Structure formats: structure tokens, C-alpha cells
>>> print(open('my_file_16.cif').read())   # mmCIF, C-alpha atoms
data_start
loop_
_atom_site.label_atom_id
_atom_site.label_comp_id
_atom_site.auth_asym_id
_atom_site.auth_seq_id
_atom_site.Cartn_x
_atom_site.Cartn_y
_atom_site.Cartn_z
CA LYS H 2248 -34.43 -12.95 25.48
CA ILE H 2249 -31.98 -15.28 23.73
CA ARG H 2250 -34.70 -17.93 24.06
CA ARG H 2251 -37.07 -15.48 22.36
CA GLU H 2252 -34.57 -15.00 19.54
CA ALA H 2253 -34.26 -18.78 19.17
CA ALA H 2254 -38.04 -19.12 18.96
CA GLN H 2255 -38.26 -16.39 16.32
CA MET H 2256 -35.55 -18.01 14.20
CA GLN H 2257 -37.44 -21.29 14.56
CA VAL H 2258 -40.43 -19.42 13.12
CA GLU H 2259 -38.33 -18.26 10.18
CA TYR H 2260 -36.98 -21.81 9.76
CA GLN H 2261 -40.48 -23.23 9.40
CA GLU H 2262 -41.43 -20.29 7.17
CA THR H 2263 -38.58 -21.25 4.85
CA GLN H 2264 -39.91 -24.81 5.09
CA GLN H 2265 -43.28 -23.63 3.78
CA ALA H 2266 -41.51 -21.55 1.14
CA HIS H 2267 -39.58 -24.45 -0.35
CA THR H 2268 -42.55 -26.82 -0.09
CA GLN H 2269 -44.51 -24.30 -2.17
CA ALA H 2270 -41.52 -24.19 -4.53
CA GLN H 2271 -41.65 -27.99 -4.73
CA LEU H 2272 -45.35 -27.84 -5.59
CA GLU H 2273 -44.88 -25.23 -8.30
CA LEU H 2274 -41.93 -27.02 -9.89
CA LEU H 2275 -43.88 -30.29 -9.80
CA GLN H 2276 -46.69 -28.56 -11.68
CA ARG H 2277 -44.05 -27.12 -14.07
CA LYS H 2278 -42.59 -30.58 -14.75
CA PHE H 2279 -42.79 -31.98 -18.27
CA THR H 2280 -44.97 -35.08 -17.76
CA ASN H 2281 -48.15 -33.56 -16.34
CA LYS H 2282 -51.95 -33.44 -16.29
CA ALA H 2283 -52.32 -32.03 -19.81
CA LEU H 2284 -50.08 -34.76 -21.25
CA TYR H 2285 -51.90 -37.47 -19.30
CA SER H 2286 -55.32 -36.17 -20.37
CA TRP H 2287 -54.08 -36.31 -23.96
CA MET H 2288 -53.01 -39.88 -23.20
CA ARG H 2289 -56.37 -40.95 -21.77
CA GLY H 2290 -58.52 -39.26 -24.42
CA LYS H 2291 -56.60 -40.43 -27.47
CA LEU H 2292 -56.22 -43.95 -26.07
CA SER H 2293 -59.92 -44.19 -25.21
CA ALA H 2294 -61.14 -43.03 -28.62
CA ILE H 2295 -58.65 -44.98 -30.74
CA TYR H 2296 -59.02 -48.08 -28.56
CA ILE Z 2102 -27.78 -25.98 13.89
CA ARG Z 2103 -28.35 -22.30 14.62
CA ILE Z 2104 -31.25 -23.29 16.90
CA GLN Z 2105 -29.09 -25.61 18.98
CA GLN Z 2106 -26.31 -23.02 19.12
CA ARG Z 2107 -28.90 -20.69 20.65
CA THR Z 2108 -29.80 -23.52 23.05
CA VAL Z 2109 -26.14 -23.77 24.11
CA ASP Z 2110 -26.29 -20.02 24.66
CA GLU Z 2111 -29.32 -20.62 26.88
CA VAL Z 2112 -27.62 -23.25 29.00
CA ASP Z 2113 -24.37 -21.35 29.50
CA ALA Z 2114 -26.35 -18.21 30.33
CA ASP Z 2115 -28.05 -20.34 32.98
CA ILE Z 2116 -24.72 -21.56 34.35
CA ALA Z 2117 -23.55 -17.92 34.55
CA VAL Z 2118 -26.80 -17.23 36.42
CA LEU Z 2119 -25.84 -19.95 38.88
CA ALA Z 2120 -22.25 -18.67 39.15
CA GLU Z 2121 -23.46 -15.29 40.35
CA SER Z 2122 -25.93 -17.26 42.47
CA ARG Z 2123 -22.82 -18.69 44.13
CA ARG Z 2124 -21.46 -15.18 44.55
CA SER Z 2125 -24.57 -13.97 46.38
CA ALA Z 2126 -25.10 -17.15 48.42
CA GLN Z 2127 -21.47 -17.30 49.56
CA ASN Z 2128 -21.64 -13.63 50.52
CA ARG Z 2129 -24.61 -14.50 52.71
CA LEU Z 2130 -22.60 -17.43 54.07
CA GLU Z 2131 -19.63 -15.40 55.27
CA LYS Z 2132 -21.93 -12.70 56.67
CA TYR Z 2133 -23.86 -15.23 58.74
CA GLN Z 2134 -20.67 -17.03 59.81
CA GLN Z 2135 -19.13 -13.75 60.96
CA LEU Z 2136 -22.29 -12.95 62.92
CA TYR Z 2137 -22.43 -16.37 64.59
CA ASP Z 2138 -18.78 -16.95 65.49
CA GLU Z 2139 -18.35 -13.44 66.92
CA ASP Z 2140 -21.56 -13.94 68.94
CA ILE Z 2141 -21.53 -11.44 71.83
CA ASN Z 2142 -19.24 -8.42 71.77
CA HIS Z 2143 -17.25 -6.55 74.39
CA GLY Z 2144 -19.98 -3.93 74.78
CA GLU Z 2145 -22.48 -6.61 75.74
CA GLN Z 2146 -20.12 -8.28 78.21
CA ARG Z 2147 -19.49 -4.79 79.61
CA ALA Z 2148 -23.24 -4.31 80.07
CA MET Z 2149 -23.55 -7.73 81.71
CA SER Z 2150 -20.65 -7.10 84.10
#
>>> encode(input="my_file_16.cif", output="C-alpha cells")
Amino acid sequence: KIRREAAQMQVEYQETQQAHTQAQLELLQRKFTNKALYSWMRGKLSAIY
Amino acid sequence: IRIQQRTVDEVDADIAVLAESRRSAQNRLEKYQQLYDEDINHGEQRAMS
């Protein structure tokens, strides 16, 4: 039964792993330099060039 | 770290298992030794005589 508890807390460990990887993804999308800025870059540079 | 603490709990639970294994096995040991070294009792030598 202590082994079972250890397995369950391993499950919650990896669940927290998924949680903070999702947090990493969302903060990366919330960063300043992003897809909208880079699309502005590409479009303006293409036309003016 | 919590996982491996639980693992240490597993291993020392196992060594407690083996300690009471010693208790039971040694109990068997003295029972069998008492049976063997006493061998044949005065009632049986009385019957034989």
C-alpha cells in the first residue's frame, strides 16, 4: 500500500509536469516578440523591399 | 525526493517483513529441535519394556 501511495504521487508529479509545461507554452505565446510581430515584420519588409 | 523517501519506506518495510520472518522461522527451529533431541519419551520406553 505504501508502494501504491508512491505510484499515485508519481502520477501527481507527472501531472504537475504537464501543468507547468502547459504554463510554459502559454507564457511563450504571451511573450512580447511573437507571431503577430513577426508577420508585421515579413509583410512590411516584403512590400517595402 | 518524496518518491525515493517512499522507496526507503518500502525497503525498510521489507526488512521488517524479514525480521518477523526470522521470528516465525526461529520459532519453527526451536520447536523442531525440541522434538528431535527429546526423541522418545518415558511412556514409549515403558511400552517397549
>>> interface_residues(input="my_file_16.cif", of="chain Z", to="chain H", cutoff="10 Å", atoms="all atoms listed in the file", output="list in words")
residues 2103, 2104, 2105, 2106, 2107, 2108, 2110, 2111 and 2114 of chain Z
>>> atom_distance(input="my_file_16.cif", atom1="atom CA of residue H:2288", atom2="atom CA of residue H:2276")
17.3 Å
>>> atom_distance(input="my_file_16.cif", atom1="atom CA of residue H:2273", atom2="atom CA of residue H:2290")
25.4 Å
>>> atom_distance(input="my_file_16.cif", atom1="atom CA of residue H:2279", atom2="atom CA of residue H:2261")
29.1 Å
>>> build_atoms(input="my_file_16.cif", residues="stretch 2119-2143 of chain Z", atoms="N, CA, C and O atoms", output="PDB file, in the frame of the given file")
ATOM      1  N   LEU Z2119     -26.130 -19.199  37.659  1.00  0.00           N
ATOM      2  CA  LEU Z2119     -25.840 -19.950  38.880  1.00  0.00           C
ATOM      3  C   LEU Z2119     -24.474 -19.580  39.454  1.00  0.00           C
ATOM      4  O   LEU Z2119     -24.259 -19.682  40.663  1.00  0.00           O
ATOM      5  N   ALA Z2120     -23.536 -19.139  38.617  1.00  0.00           N
ATOM      6  CA  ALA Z2120     -22.250 -18.670  39.150  1.00  0.00           C
ATOM      7  C   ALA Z2120     -22.438 -17.431  40.011  1.00  0.00           C
ATOM      8  O   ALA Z2120     -21.920 -17.343  41.135  1.00  0.00           O
ATOM      9  N   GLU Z2121     -23.186 -16.452  39.508  1.00  0.00           N
ATOM     10  CA  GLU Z2121     -23.460 -15.290  40.350  1.00  0.00           C
ATOM     11  C   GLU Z2121     -24.452 -15.612  41.470  1.00  0.00           C
ATOM     12  O   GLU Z2121     -24.461 -14.932  42.510  1.00  0.00           O
ATOM     13  N   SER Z2122     -25.218 -16.699  41.325  1.00  0.00           N
ATOM     14  CA  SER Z2122     -25.930 -17.260  42.470  1.00  0.00           C
ATOM     15  C   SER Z2122     -24.955 -17.675  43.563  1.00  0.00           C
ATOM     16  O   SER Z2122     -25.187 -17.409  44.746  1.00  0.00           O
ATOM     17  N   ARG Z2123     -23.874 -18.351  43.178  1.00  0.00           N
ATOM     18  CA  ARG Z2123     -22.820 -18.690  44.130  1.00  0.00           C
ATOM     19  C   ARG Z2123     -22.236 -17.451  44.777  1.00  0.00           C
ATOM     20  O   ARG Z2123     -21.993 -17.432  45.988  1.00  0.00           O
ATOM     21  N   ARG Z2124     -21.991 -16.414  43.984  1.00  0.00           N
ATOM     22  CA  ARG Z2124     -21.460 -15.180  44.550  1.00  0.00           C
ATOM     23  C   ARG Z2124     -22.362 -14.663  45.670  1.00  0.00           C
ATOM     24  O   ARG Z2124     -21.910 -14.456  46.807  1.00  0.00           O
ATOM     25  N   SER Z2125     -23.657 -14.516  45.382  1.00  0.00           N
ATOM     26  CA  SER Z2125     -24.570 -13.970  46.380  1.00  0.00           C
ATOM     27  C   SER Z2125     -24.721 -14.896  47.588  1.00  0.00           C
ATOM     28  O   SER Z2125     -24.694 -14.447  48.745  1.00  0.00           O
ATOM     29  N   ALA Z2126     -24.887 -16.196  47.335  1.00  0.00           N
ATOM     30  CA  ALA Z2126     -25.100 -17.150  48.420  1.00  0.00           C
ATOM     31  C   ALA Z2126     -23.881 -17.235  49.328  1.00  0.00           C
ATOM     32  O   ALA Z2126     -24.017 -17.280  50.555  1.00  0.00           O
ATOM     33  N   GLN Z2127     -22.680 -17.251  48.748  1.00  0.00           N
ATOM     34  CA  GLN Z2127     -21.470 -17.300  49.560  1.00  0.00           C
ATOM     35  C   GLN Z2127     -21.290 -16.016  50.349  1.00  0.00           C
ATOM     36  O   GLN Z2127     -20.806 -16.047  51.487  1.00  0.00           O
ATOM     37  N   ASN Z2128     -21.658 -14.872  49.760  1.00  0.00           N
ATOM     38  CA  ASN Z2128     -21.640 -13.630  50.520  1.00  0.00           C
ATOM     39  C   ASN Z2128     -22.518 -13.734  51.759  1.00  0.00           C
ATOM     40  O   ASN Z2128     -22.094 -13.396  52.877  1.00  0.00           O
ATOM     41  N   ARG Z2129     -23.750 -14.216  51.573  1.00  0.00           N
ATOM     42  CA  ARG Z2129     -24.610 -14.500  52.710  1.00  0.00           C
ATOM     43  C   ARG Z2129     -23.923 -15.425  53.708  1.00  0.00           C
ATOM     44  O   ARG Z2129     -24.026 -15.234  54.926  1.00  0.00           O
ATOM     45  N   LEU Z2130     -23.222 -16.437  53.199  1.00  0.00           N
ATOM     46  CA  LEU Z2130     -22.600 -17.430  54.070  1.00  0.00           C
ATOM     47  C   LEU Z2130     -21.551 -16.795  54.971  1.00  0.00           C
ATOM     48  O   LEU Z2130     -21.544 -17.030  56.185  1.00  0.00           O
ATOM     49  N   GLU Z2131     -20.647 -15.989  54.400  1.00  0.00           N
ATOM     50  CA  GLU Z2131     -19.630 -15.400  55.270  1.00  0.00           C
ATOM     51  C   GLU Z2131     -20.243 -14.364  56.205  1.00  0.00           C
ATOM     52  O   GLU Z2131     -19.785 -14.228  57.344  1.00  0.00           O
ATOM     53  N   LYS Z2132     -21.275 -13.639  55.763  1.00  0.00           N
ATOM     54  CA  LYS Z2132     -21.930 -12.700  56.670  1.00  0.00           C
ATOM     55  C   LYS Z2132     -22.506 -13.414  57.881  1.00  0.00           C
ATOM     56  O   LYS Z2132     -22.278 -13.012  59.032  1.00  0.00           O
ATOM     57  N   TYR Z2133     -23.240 -14.501  57.641  1.00  0.00           N
ATOM     58  CA  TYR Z2133     -23.860 -15.230  58.740  1.00  0.00           C
ATOM     59  C   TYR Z2133     -22.808 -15.899  59.623  1.00  0.00           C
ATOM     60  O   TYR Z2133     -22.958 -15.941  60.850  1.00  0.00           O
ATOM     61  N   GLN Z2134     -21.742 -16.431  59.019  1.00  0.00           N
ATOM     62  CA  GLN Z2134     -20.670 -17.030  59.810  1.00  0.00           C
ATOM     63  C   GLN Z2134     -20.003 -15.999  60.704  1.00  0.00           C
ATOM     64  O   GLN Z2134     -19.733 -16.269  61.879  1.00  0.00           O
ATOM     65  N   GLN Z2135     -19.734 -14.807  60.165  1.00  0.00           N
ATOM     66  CA  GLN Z2135     -19.130 -13.750  60.960  1.00  0.00           C
ATOM     67  C   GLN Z2135     -20.048 -13.335  62.105  1.00  0.00           C
ATOM     68  O   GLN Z2135     -19.584 -13.064  63.218  1.00  0.00           O
ATOM     69  N   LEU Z2136     -21.355 -13.266  61.844  1.00  0.00           N
ATOM     70  CA  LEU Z2136     -22.290 -12.950  62.920  1.00  0.00           C
ATOM     71  C   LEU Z2136     -22.262 -14.027  64.005  1.00  0.00           C
ATOM     72  O   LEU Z2136     -22.214 -13.714  65.200  1.00  0.00           O
ATOM     73  N   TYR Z2137     -22.292 -15.300  63.606  1.00  0.00           N
ATOM     74  CA  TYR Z2137     -22.430 -16.370  64.590  1.00  0.00           C
ATOM     75  C   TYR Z2137     -21.161 -16.547  65.414  1.00  0.00           C
ATOM     76  O   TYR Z2137     -21.219 -16.609  66.649  1.00  0.00           O
ATOM     77  N   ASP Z2138     -20.001 -16.631  64.758  1.00  0.00           N
ATOM     78  CA  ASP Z2138     -18.780 -16.950  65.490  1.00  0.00           C
ATOM     79  C   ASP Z2138     -18.301 -15.796  66.366  1.00  0.00           C
ATOM     80  O   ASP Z2138     -17.593 -16.041  67.349  1.00  0.00           O
ATOM     81  N   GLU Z2139     -18.665 -14.556  66.037  1.00  0.00           N
ATOM     82  CA  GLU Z2139     -18.350 -13.440  66.920  1.00  0.00           C
ATOM     83  C   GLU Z2139     -19.294 -13.417  68.117  1.00  0.00           C
ATOM     84  O   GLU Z2139     -18.893 -13.052  69.228  1.00  0.00           O
ATOM     85  N   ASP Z2140     -20.554 -13.795  67.894  1.00  0.00           N
ATOM     86  CA  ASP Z2140     -21.560 -13.940  68.940  1.00  0.00           C
ATOM     87  C   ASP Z2140     -21.804 -12.641  69.696  1.00  0.00           C
ATOM     88  O   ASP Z2140     -22.490 -11.744  69.194  1.00  0.00           O
ATOM     89  N   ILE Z2141     -21.245 -12.532  70.896  1.00  0.00           N
ATOM     90  CA  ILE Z2141     -21.530 -11.440  71.830  1.00  0.00           C
ATOM     91  C   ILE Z2141     -20.271 -10.598  71.974  1.00  0.00           C
ATOM     92  O   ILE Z2141     -19.178 -11.137  72.193  1.00  0.00           O
ATOM     93  N   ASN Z2142     -20.419  -9.277  71.850  1.00  0.00           N
ATOM     94  CA  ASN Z2142     -19.240  -8.420  71.770  1.00  0.00           C
ATOM     95  C   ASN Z2142     -18.962  -7.720  73.101  1.00  0.00           C
ATOM     96  O   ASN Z2142     -19.773  -7.710  74.039  1.00  0.00           O
ATOM     97  N   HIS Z2143     -17.785  -7.089  73.150  1.00  0.00           N
ATOM     98  CA  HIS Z2143     -17.250  -6.550  74.390  1.00  0.00           C
ATOM     99  C   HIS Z2143     -18.201  -5.537  75.023  1.00  0.00           C
ATOM    100  O   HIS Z2143     -18.247  -5.423  76.249  1.00  0.00           O
TER     101      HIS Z2143
END
